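Asker: Sequence, then structure. It's an experimental one.
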Amino acid sequence: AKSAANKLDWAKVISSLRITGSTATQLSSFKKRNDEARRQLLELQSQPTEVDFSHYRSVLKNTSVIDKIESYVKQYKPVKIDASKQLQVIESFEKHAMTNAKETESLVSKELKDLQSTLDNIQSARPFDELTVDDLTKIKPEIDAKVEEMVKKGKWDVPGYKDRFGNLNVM
Amino acid sequence: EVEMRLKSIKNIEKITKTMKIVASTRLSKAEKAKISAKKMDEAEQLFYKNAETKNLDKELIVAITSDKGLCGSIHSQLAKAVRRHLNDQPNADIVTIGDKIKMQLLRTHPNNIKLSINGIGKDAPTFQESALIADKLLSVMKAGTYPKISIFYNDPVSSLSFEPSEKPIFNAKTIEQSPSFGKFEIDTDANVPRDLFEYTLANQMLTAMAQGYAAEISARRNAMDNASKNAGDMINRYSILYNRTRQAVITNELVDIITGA
Amino acid sequence: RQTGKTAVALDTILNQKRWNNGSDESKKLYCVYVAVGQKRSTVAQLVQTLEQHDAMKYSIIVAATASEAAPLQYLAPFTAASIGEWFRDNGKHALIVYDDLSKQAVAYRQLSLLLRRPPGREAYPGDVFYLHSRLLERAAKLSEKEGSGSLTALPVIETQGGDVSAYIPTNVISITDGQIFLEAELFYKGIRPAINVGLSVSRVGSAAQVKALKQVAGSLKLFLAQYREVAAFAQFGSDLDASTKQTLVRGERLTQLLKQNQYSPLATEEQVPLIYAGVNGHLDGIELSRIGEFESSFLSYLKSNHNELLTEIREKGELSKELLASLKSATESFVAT
Amino acid sequence: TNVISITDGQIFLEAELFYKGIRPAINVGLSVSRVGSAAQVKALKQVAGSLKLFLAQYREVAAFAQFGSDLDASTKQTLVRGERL
Amino acid sequence: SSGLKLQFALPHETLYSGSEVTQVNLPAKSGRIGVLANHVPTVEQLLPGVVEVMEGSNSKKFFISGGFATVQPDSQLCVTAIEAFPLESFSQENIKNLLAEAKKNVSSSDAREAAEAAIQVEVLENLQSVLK
Amino acid sequence: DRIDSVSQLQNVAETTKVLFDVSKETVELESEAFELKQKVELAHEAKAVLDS
């Protein structure tokens, strides 16, 4: 069921709009796919890891080495072992990845909550008509300081203080 | 039927060579005109650069084509721009110039062509003929009152790197009140704006028509040139086939005569 | 010369491993190639290519060396006919593929013009058509009265300069019911197969076609004919519209796709897929050059991911509208990853 | 074919160049005298080295007959050299 | 750029292109435009007169029958005339006396035709006047 | 738009680590294919000796 194993990564790439830019994760996906490709190639192209000693040695009447060749073959049943040395590296990688991803997910949930509440404090909580003018310096802590700072040094103008407003003449 | 094909291709090649000679004859005059016309338009362009003569805003639709009926992409590219303008500005009046542009402009909107004058590409761009064409345009249906007018005119870069490119014209209103028209001053009594609009139309039209006649003469030396190449290739192929057929016929004749003996 | 039409034959034979190597007589098409007048080194190459891909289990290759004598080469096609009778007449569906038969014609020329018989048309022996027919006409598809067996034949003729217009070539093209023309340009221009799709034809397209390629993809066959006609006009005409240009680009991607690589017979699984995706816009959106690997990836995805649907398309005998939808899903998956 | 091969050369004086009025109109590309150097005079070879390249270039560049304005200026000088030779 | 450049490129055949000069005095529509050097940003439709284009060398006089001389801020006088004229071929007697009078026959046409030809009524007098 | 920037991350925490593991352990499973290739190559070598 190797479809599912890459199905998660394919779905992630389908939703990697926040995950686009993976510098060293696509390389890992390439490594995983190369491992599967070499595995399927070993399975298909290479014959059985065995010897057709049932008849092939008989076709060689005086081989005098088919016995020796089969002896080496059977005695070379384990040429070597597998290497599943990933037993603490896997744990450390899992710990780092899981802690980072949990921090990311909690941050995302908190951002969702903050946006939802601020919008709830926006869809009906923006008193644009009857809010006290100086209360803006109450809502904006630097508004009072800067406004005192803005007129204090002597300049009575700001860069485009009325960029979206009109100055108007007497009429 | 191979012999008739080879001879007909040869005749088409002779006709193509004659058309190439005619193209050279017309191209000499077209280049002669365009040489002075480009400088003439650059003279008033210097003012349009001296005063940023951007025109803002019954708006005519125009194209560039001489008195010939298409050559490769001479009429087709202008026709595409004409159809695009017809889609974009269906209520845009068309100025049908020459024949091919006249026919293309009559095709899209009957209510657009306000003039139908033929045979403009008779020869080199003449100052008086272009000036009279403009004066008639400046008198036909108040084309001066046309707030904007775009000249979808050929821009032959070197040989055929062109299409009917669109440009603006500084009109009577857009000349006096240009933002950088404060640079070059005008006189209330002299009535500069109208004259500047008319003369800008004149220089632009003369330069554009001269460039277009030169570019279509190129289409008579850069589209028939491709046709001449096609004729050369077909003639080589047919000559190969006929020379092989004659030789093979003679050989088969000898073989039949000996096989009889 | 050296057009590898022999290789087209060899690949055709290798398909007697995905059906013949099973156990199905109804799927069995026990091919018997021929070797009429070839350099014995080429014979060795053929034998090795038969053994390595494990073809010699299903192909009897009667041989006639160039060093061999003329009567041997002349009689060889008759020997292949005899083998075809011995197989097909038994009642099992069998196949044949005569080798380069132009050498057989040259042998008949030697036999006639050398013994005493006066020469005929094209300086070749008069009964060239007689011999060619007596070879090809042996092949047929008998009825259940004779066992419903058949000896399908793929006679291979050779010309000079790819000459379709020749005595032996044209006369044979009257005798054989199907033609697949291999050119000289395309043989160096754009395709290892280089089979002139427009020029090639077979007198039975509907009856006896891959039920996958017709029963569902019959519209795909008409689209093959239509796109071939489309690419016929794609030499120097302008761009009248976008419809012609789109047909050109999609069909050209299809042509760059369709060349089944040498000795790589793998078919009745995603045949329609190319044209269906082109009209449904799955492969056509890929770059034309990249298709050379995109097709391989799509096939492997169908194999290891659409294994049920792909295996059914292999076995169910048709690509149903439901299987068309599942293949569309697999196509979306291939487009995705 | 036998006349060509038997000869140690093939100065194939095709008719076409003769038809352009030329009395001694050999073909530039076709003539290849295999043992000519062993009979060549060195002083002539000194100049003919450039003549051979000029002829080959004229043959290679006369293809662009109808696109000569945009042709490279060095190619135009090469065409001038081919015509002059 | 020092001096004053002129761009006298008529729709017939361009004469001057940005060449330096000391004076280009010409007969403007409202008056006599004696732009010597630099000039100021102002371009005027012109009246049939004499354009004695005083180069660094002598002032060539050519009775020019119209144009507009754009005094670009770069001391560039873009004189896009309608006609060209020499300092010698633009000077003659019989050609400047009988041609206008023969054209007075055309003035015997209808009202709009006479209104058009009223320009030609005095057109030839200008050349014979400025020929000196 | 801030909500939208948060919208993509919604159905991504489901399988980010799942992919991190699927592309890690299955790739770690390649030592078996390596050792099997080793034995298959030994079989090819000995079988070729026998064929010689």
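Answerer: Yes, it's here. Numbering: from 1, shown residues only, chains lettered A, B, ... in the order given.
Asker: helices or strands up against the longest helix belonging to chain A?
Answerer: When chain A is scanned for its longest helix (criterion: DSSP state H), the result is helix A:89-120. With contacts taken as 3 or more Cβ pairs under 8 Å, 6 or more residues apart in numbering or on different chains; DSSP states H and E, helix A:89-120 sits against helix F:2-7, helix F:16-28. In this view, the C-beta of every residue, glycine as well, is placed from N, C-alpha and C.
Asker: give the contact list for residue C:30.
Answerer: Residues near residue C:30 by Cβ atoms under 8 Å, 6 or more residues apart in numbering or on different chains: C:16, C:20, C:58, C:87, C:92, C:94, C:95.
Asker: Run through the helices of the stretch 51-200 of chain C in chain order.
Answerer: C:70-88, C:101-115, C:128-136, C:167-175, C:185-189 (DSSP state H, counting those that start in this stretch).
Asker: no wait, chain B
Answerer: Going by DSSP H, chain B shows helices at B:2-50, B:76-88, B:100-108, B:127-137, B:172-176, B:192-222, B:224-260.
Asker: between those helices, which gets nearest to residue B:155?
Answerer: helix B:192-222 (7.2 Å; Cβ to Cβ).
Asker: Mind telling me which residue of chain F is nearest chain D?
Answerer: residue F:52 (48.4 Å; Cβ to the nearest Cβ).
Asker: For that residue, give its distance to residue A:65.
Answerer: To residue A:65, residue F:52 is 10 Å away according to Cβ to Cβ, to the nearest Å.
Asker: Ok, residue B:69 next?
Answerer: 89 Å.
Asker: what's the answer for residue C:16, then?
Answerer: Counting by Cβ to Cβ, the separation of residue C:16 from residue A:65 is 36 Å.
Asker: What of residue A:99?
Answerer: 60 Å.
Asker: same question, residue B:32
Answerer: Relative to residue A:65, residue B:32 is positioned 96 Å away (Cβ to Cβ).
Asker: quick one, phi/psi of the most far-flung residue of chain C relative to its centre?
Answerer: Relative to the centre of chain C, the most outlying C-alpha is that of residue C:116, 38.9 Å out, by Cα atoms, centre = their mean. Dihedral angles of residue C:116 (phi, psi; degrees, to the nearest 10) stand at phi -150, psi 0.
Asker: Find the helix or strand that the residue nearest to residue A:50 when sequence neighbours are not counted is a member of.
Answerer: Using Cβ to Cβ, 6 or more residues apart in numbering or on different chains and skipping residues adjacent in sequence, the residue nearest residue A:50 is residue F:43, 6.6 Å away. Assessed by DSSP states H and E, residue F:43 sits inside helix F:30-51.
Asker: Can you list the buried residues in that helix?
Answerer: F:30-31, F:33, F:35-40, F:42-43, F:46-47, F:50 (16 or more other Cβ atoms under 10 Å in any protein chain shown).
Asker: which other residues reach it?
Answerer: A:35, A:38-39, A:42-43, A:46-52, A:56-57, A:60, A:63, A:65-66, A:69, A:72-73, A:76-84.
Asker: and the helices of chain B, which is most packed in?
Answerer: helix B:192-222 (a mean of 25; mean count of other Cβ atoms under 10 Å in any protein chain shown).
Asker: that older thread, ok, now how distant is the residue farthest from the centre of chain C from chain B?
Answerer: In this structure, residue C:116 and chain B are 14 Å apart, going by Cβ to the nearest Cβ, to the nearest Å.
Asker: Which single residue in the stretch 201-337 of chain C comes nearest to chain E?
Answerer: Closest point on the stretch 201-337 of chain C to chain E, by Cβ to the nearest Cβ, is residue C:238, at 35.9 Å.
Asker: check contacts around that residue.
Answerer: So residue C:238 contacts residue B:76 (Cβ under 8 Å, 6+ apart).
Asker: So it: helix, strand or coil?
Answerer: Judged by DSSP: H, G, I helix; E, B strand; the rest coil, the three-state class of residue C:238 is coil.
Asker: Give me the phi and psi for it.
Answerer: phi -80, psi -170.
Asker: Next: residue C:252.
Answerer: Torsion angles, degrees, to the nearest 10, at residue C:252: phi -70, psi -40.
Asker: try residue A:24
Answerer: When quoted as degrees, to the nearest 10, the phi and psi of residue A:24 stand at phi -130, psi 20.
Asker: would you list every one of the helices in chain E?
Answerer: Under DSSP H, chain E gives helices at E:98-103, E:111-121, E:123-130.
Asker: Using JSON lines, lay out those helices together with mean neighbour count and distance to residue C:314.
Answerer: JSON lines is the format used below for these (neighbours: other Cβ atoms under 10 Å in any protein chain shown; distance: least, Cβ to Cβ, whole Å):
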{"stretch": "helix E:98-103", "mean neighbour count": "13", "distance to residue C:314": "97"}
{"stretch": "helix E:111-121", "mean neighbour count": "12", "distance to residue C:314": "90"}
{"stretch": "helix E:123-130", "mean neighbour count": "18", "distance to residue C:314": "95"}
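Asker: need the contact list for residue A:97.
Answerer: Neighbouring residues of residue A:97 by Cβ under 8 Å, 6+ apart: F:17, F:20.
Asker: gap between it and residue A:15?
Answerer: 18 Å.
Asker: Same question for residue C:95.
Answerer: For residue C:95, the distance to residue A:15 - Cβ to Cβ - is 52 Å.
Asker: likewise residue A:7?
Answerer: In terms of Cβ to Cβ, residue A:7 sits 13 Å off from residue A:15.
Asker: residues in contact with the residue of the stretch 1-150 of chain C found nearest chain A?
Answerer: Using Cβ to the nearest Cβ, the closest approach of the stretch 1-150 of chain C to chain A is made by residue C:54 at 11.6 Å. Shown in contact with residue C:54 (Cβ under 8 Å, 6+ apart): C:17, C:21.
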